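Only one chain is shown below, in structure tokens, and it's the form solved without nicotinamide-adenine-dinucleotide.
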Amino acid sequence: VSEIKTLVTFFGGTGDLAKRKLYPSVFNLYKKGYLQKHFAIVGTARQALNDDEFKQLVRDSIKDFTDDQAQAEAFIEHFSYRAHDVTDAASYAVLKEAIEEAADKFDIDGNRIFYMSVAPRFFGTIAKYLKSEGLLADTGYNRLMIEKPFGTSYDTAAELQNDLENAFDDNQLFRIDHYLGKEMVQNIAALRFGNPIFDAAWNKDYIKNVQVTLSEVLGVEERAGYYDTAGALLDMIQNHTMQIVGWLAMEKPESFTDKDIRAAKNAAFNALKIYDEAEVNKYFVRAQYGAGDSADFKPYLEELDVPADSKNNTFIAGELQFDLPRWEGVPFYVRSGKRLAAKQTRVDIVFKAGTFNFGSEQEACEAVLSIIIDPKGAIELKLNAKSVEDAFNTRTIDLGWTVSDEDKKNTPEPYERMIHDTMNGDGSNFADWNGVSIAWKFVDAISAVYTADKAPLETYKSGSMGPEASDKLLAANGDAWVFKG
């Protein structure tokens, strides 16, 4: 395997995310031989720690992924640390030195990746200082990995993007969304473009509607302080759902290069209809979970730290419309919520029933292509066949496939995937500015109606698949949710 020469600086290096996911992920890359000799990891945080102490922190972090001790130690030797306060310009000079020391000791020419595992309020500050204080490599590439979230509205996001563009180009910005780094989400384009029978049918002439579901069985839990201000709309719809939809609605790319994949996705994003107040009331649904089936399933208002006067949405369902020839009249249904019937992230593509008359009592129903992303990867194709009856009649059968145990074993964790893609400079599985800005405009229009309270707030029994207004939404076009729980 080819060697990746890179210098990674982790802001928030002593953090929990770094300990649990970042370091073990960079370790796997080393285990696979991608990282060999010319690479260095510089950790940074406020806490005054020296190289040996930081090395021990990393040692304890990769412990549960160590088979060979010599290998673990050979890896840890590539780590260095430098205490540093992100708000103090002067302090960046100290980090600049540690970085240059690392590049020398391991002979690395530029190729710098900066990981911001810090509080969102510092994203712009750090980036601006990276340029003004000379921390950016003058040779090779300079890439930034910005953690969730990228703004809380279009305005804030636009301001962040504006700050980021002081030192970086959009193609150097790597926004983290672990849903895009998931193996099954990356199977969509392969299934579509790699098979002519599906490629040719991926349009208005064969597809009746596309459905995207992201259900969770858990409630707000201990995260009440944050969730009460975000809701399913910002926590699950704006980021995860919109980006999954991007893969489904994109045009057929000129090639499978990240540049063309993005152009193909943007053609769709640019054709998306932004809703006004009336349209939001007609095409979207917001709800809050109520009394469940047992005492443990308490309504959203009775959850701790939740303001008794909260009108927050723990569920969202809506219809998306794309003004492209390929999708004229094809509704894209999305839904996500807490306290639903089952943990599941899936895509259901309903094909139009055929008009061939068999003269049977049961005519041809709609074929369905389902791609289960969570909890276990699967692909199912529901087709029409003959029933086991004396007289000719149709019925539906499921052709199915599931990930093997070997598959699960070889599947890189999403963080390993994201780190690795950034080192390769592969923007394929990352949302670009255009995609994120449009996703914000769409949600802002809905959020505007919600904060103004010019739309009703539905309610649903915990453990169900949502309020009836959700089914009412699809019924208006003669559609129905494929996944019933």
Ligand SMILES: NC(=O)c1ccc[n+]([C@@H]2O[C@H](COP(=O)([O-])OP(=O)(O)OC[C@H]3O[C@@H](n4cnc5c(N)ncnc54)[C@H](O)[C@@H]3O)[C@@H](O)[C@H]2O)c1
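Residue positions are given as counts along the sequence shown, with the first one as 1.
The protein also exists as the form deposited with nicotinamide-adenine-dinucleotide bound; that form is not presented, and the subsequent description refers to it.
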The one residue among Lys454, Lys441, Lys32, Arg46 placing a heavy atom within 4.5 Å of nicotinamide-adenine-dinucleotide in the entry with it bound is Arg46
With nicotinamide-adenine-dinucleotide left out of view, choose which of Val118, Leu160, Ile207, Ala189 has a non-hydrogen atom within 4.5 angstroms of it in the entry with it bound.
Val118
So, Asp16 and nicotinamide-adenine-dinucleotide: in the entry with it bound, are they within 4.5 Å at any heavy atom pair?
yes
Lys148, heavy atom within 4.5 angstroms of nicotinamide-adenine-dinucleotide in the entry with it bound
yes
Would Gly463 sit within 4.5 Å of nicotinamide-adenine-dinucleotide in the entry with it bound, counting heavy atoms only?
no
Quick one: does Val86 come within 4.5 Å of nicotinamide-adenine-dinucleotide in the entry with it bound, counting heavy atoms only?
yes
Pick the stretch from 422-430, 446-454, 62-70, 46-54 whose residues have a heavy atom within 4.5 Å of nicotinamide-adenine-dinucleotide in the entry with it bound.
46-54
